[PDB]
Amino acid sequence: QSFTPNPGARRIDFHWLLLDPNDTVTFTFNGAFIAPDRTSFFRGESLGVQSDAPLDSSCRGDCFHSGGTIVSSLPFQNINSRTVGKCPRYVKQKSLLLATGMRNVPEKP
Amino acid sequence: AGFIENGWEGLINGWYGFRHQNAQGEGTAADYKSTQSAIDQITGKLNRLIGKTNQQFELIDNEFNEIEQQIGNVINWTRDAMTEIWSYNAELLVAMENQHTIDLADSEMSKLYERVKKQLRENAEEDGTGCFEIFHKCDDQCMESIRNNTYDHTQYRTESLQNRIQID
Amino acid sequence: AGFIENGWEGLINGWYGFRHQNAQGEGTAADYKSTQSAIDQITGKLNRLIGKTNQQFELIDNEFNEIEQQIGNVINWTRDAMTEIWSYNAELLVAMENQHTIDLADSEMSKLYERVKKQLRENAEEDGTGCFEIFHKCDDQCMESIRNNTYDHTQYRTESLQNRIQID
Amino acid sequence: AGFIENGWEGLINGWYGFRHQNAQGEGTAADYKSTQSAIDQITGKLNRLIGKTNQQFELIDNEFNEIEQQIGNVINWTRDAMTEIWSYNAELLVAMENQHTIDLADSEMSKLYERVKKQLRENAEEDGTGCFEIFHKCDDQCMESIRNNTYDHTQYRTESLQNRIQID
Amino acid sequence: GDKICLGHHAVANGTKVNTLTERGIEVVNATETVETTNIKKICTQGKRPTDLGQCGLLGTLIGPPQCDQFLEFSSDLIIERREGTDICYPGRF
Ligand SMILES: *[C@@H]1O[C@H](CO)[C@@H](O)[C@H](O)[C@H]1NC(C)=O
Ligand SMILES: *[C@@H]1O[C@H](CO)[C@@H](O)[C@H](O)[C@H]1NC(C)=O
Ligand SMILES: *[C@@H]1O[C@H](CO)[C@@H](O)[C@H](O)[C@H]1NC(C)=O
Ligand SMILES: *[C@@H]1O[C@H](CO)[C@@H](O)[C@H](O)[C@H]1NC(C)=O
Ligand SMILES: *[C@@H]1O[C@H](CO)[C@@H](O)[C@H](O)[C@H]1NC(C)=O
């Protein structure tokens, strides 16, 4: 890819590349090039959550969302349509009651 | 002098406890194995649902910033449409599980009617409300016999013949 | 001399009308309550479907103009895929409702076979085609008895014994 | 001296072959029509599934090149989400077909229990494991009678009365 | 004289469910499959998160002054916040 700066507004445009092992990244500079001093390597599958909630050192859970966390043993949630990590599905049905027994044939005749 | 019918009773002794209307004034519950059979299947329903929903998710939308609105409209539309698809699937699946749970409850009770009928053959008259009218001196021992599956018309029919037989 | 069988009859008097083959030449229909029970559930099937489809929609595509083709291809693909998903859901759901409707019809008729069997006990021989052979003088009054649930082997069995009994 | 029970037998002679435990040492299979009825429905299950999946597809993604990543992320997300939707639909549909196949197998066998019961009326005692205890000299001819639907208590009951009757 | 009556564990008025036949059928015993409990704090029982605060995620590759301490890190969880930014001097990726 080739690039050229366009004068008329102060801005730094960052561009990125994932360089394969044993390959060589070649750069050609004619100016307006902000060079990296260091590169980056990835280590161990993080979960990038975007949220306003405070941290808690006793709380444990997999589901994170902008308003907090979802800790449950249930397949569905009504809390947020945007979740991170392994989670229950978002539905518009605020109350999906699943019977765990027989119907209530009324106690009084 | 209650007209004993389906043992609604406000029963606390098991989900499928059956009332034994002993003339001596008893109300003992059924063999736990019937209830246990229901428990063995129903309690696992939650886990079956979990395995169908517990998936890895990642952020597509940058909530604290802005994405090109034309794409964002496609994503919002897509997510909303998928939400309705999954909501439909969820309602349908839950409804299926609820209907199946009811069907199971009716099926298990049906099996219990069969247990009485196949063992007594003639002296078990079904009232359609869960009740069998028994034509012999069916005291607590017969309840034990039912629960222990020693209930058998080979002897019990004769005991009822003393109370029911008509020869003509 | 028809071989009276399942009362197909080109019947107009209710969905679940039953033919009473009175030797005197009658063809009166069944208690409307059986038909009504079917009506009470089947007529509501449409409304159950409506509640699952009646949703607010807005235009995404500007039909009289043009949207970037790359996005338009995604939208068309998405809509088409969703159309197949909803078409699948629609066919499946309708098929489920159709199968359930058939199952309901068979279940209700099954209950009506039971109504006859439980009340007559011995003189109701099922032909497997909806017909019961009755072993007593079952004139219009017995049809009224069935519809009024006064049909009872306590008296009717004896009436049949006059026509059926064998002592040995 | 085997305790002949449900004819698991490692049977090769048809899916729904029934063991006839002739005291003379026979193990002949059932009327093929029962098996054929299962075949007529089950073999078509694959075709029913095919009609719901066989659709025209085109390339959206240029696999050997690159598409704008933002759109590609939407497409990959959409396809993956749809894959889960279709995988869910596939698992559910297959599970429904499997449950229905099992229900069909139980239903057909249930009909075969009924065939024996309705024809013999009193001398067919069900063991709950597919076995009927027969109270008469039921040699190969009775098996032919069952398969030819000439099995009839009108004559067979009398044959059993010679072996079973109690007068009191 | 004696009866066997199959009970349905019919407790005092309970809750209702939606089925394939009717909606709002009252049942003795049920559980909700949709939880609405929103825990307003972030769980950290694992490799504790990089709480970027004023730092944005991309900032960790660039090094705004608020990101200087987060230039090299490891965790099973990364937290971004509304006040966070990836730049000090205007820019985009
Ligand atoms: C990287 O290049 C070196 C050159 O000496 C080679 O030995 C090594 O195996 C290469 N690694 C891979 C993954 O090819
Ligand atoms: C997408 O939906 C969110 C709410 O879930 C809304 O804030 C956002 O503006 C929507 N995007 C567009 C482009 O309308
Ligand atoms: C999308 O489908 C419509 C017809 O429904 C067609 O007219 C339109 O050109 C399609 N869009 C693209 C980009 O092909
Ligand atoms: C989309 O998925 C394919 C693999 O199916 C992957 O190679 C491609 O890079 C993905 N597209 C993007 C933008 O990540
Ligand atoms: C019904 O289920 C709930 C589920 O949380 C349980 O707490 C309750 O005790 C059950 N009711 C009984 C067993 O009467």
# chains A, B, ... in the order shown; residues from 1 in each chain; ligands from 1
>>> residues_near_ligand(ligand="ligand 3", cutoff="6 Å", atoms="only C-alpha atoms and all ligand atoms", output="list in words")
residues 69, 72, 73 and 76 of chain C
>>> write_last_selection(atoms="C-alpha atoms", output="PDB file, in the first residue's frame")
ATOM      1  CA  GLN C  69     -24.435  -1.674  -4.274  1.00  0.00           C
ATOM      2  CA  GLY C  72     -27.394  -3.236  -1.033  1.00  0.00           C
ATOM      3  CA  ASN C  73     -26.038  -6.703  -1.812  1.00  0.00           C
ATOM      4  CA  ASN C  76     -30.648  -8.110  -0.193  1.00  0.00           C
TER       5      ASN C  76
END
>>> interface_residues(of="chain A", to="chain E", cutoff="8 Å", atoms="only C-alpha atoms", output="number ranges by chain")
A: 10-15, 40, 43-61, 64, 67-72, 74-79, 94-107
>>> closest_atom_pairs(of="chain D", to="chain C", cutoff="9 Å", atoms="only C-alpha atoms", output="Markdown table")
| residue | atom | partner | partner_atom | distance |
| --- | --- | --- | --- | --- |
| D:52 | CA | C:88 | CA | 7.5 |
| D:60 | CA | C:73 | CA | 8.3 |
| D:71 | CA | C:71 | CA | 8.0 |
| D:74 | CA | C:74 | CA | 8.8 |
| D:75 | CA | C:74 | CA | 7.4 |
| D:78 | CA | C:78 | CA | 7.9 |
| D:82 | CA | C:81 | CA | 8.3 |
| D:85 | CA | C:85 | CA | 8.5 |
| D:86 | CA | C:85 | CA | 8.2 |
| D:167 | CA | C:168 | CA | 7.7 |
>>> residues_near_ligand(ligand="ligand 1", cutoff="10 Å", atoms="only C-alpha atoms and all ligand atoms", output="number ranges by chain")
A: 20-23
>>> write_last_selection(atoms="C-alpha atoms", output="PDB file, in the first residue's frame")
ATOM      1  CA  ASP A  20       3.619 -13.244   9.297  1.00  0.00           C
ATOM      2  CA  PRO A  21       6.568 -15.188  10.853  1.00  0.00           C
ATOM      3  CA  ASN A  22       9.694 -15.355   8.685  1.00  0.00           C
ATOM      4  CA  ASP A  23       8.387 -12.476   6.623  1.00  0.00           C
TER       5      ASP A  23
END
>>> interface_residues(of="chain B", to="chain E", cutoff="6 Å", atoms="only C-alpha atoms", output="ChimeraX atom specification")
/B:6-8,10-11,15,17-23,64,95,98-99,130-134,138
>>> closest_residue(among="B:16, B:32, B:57, B:3", to="chain A", atoms="only C-alpha atoms")
B:57
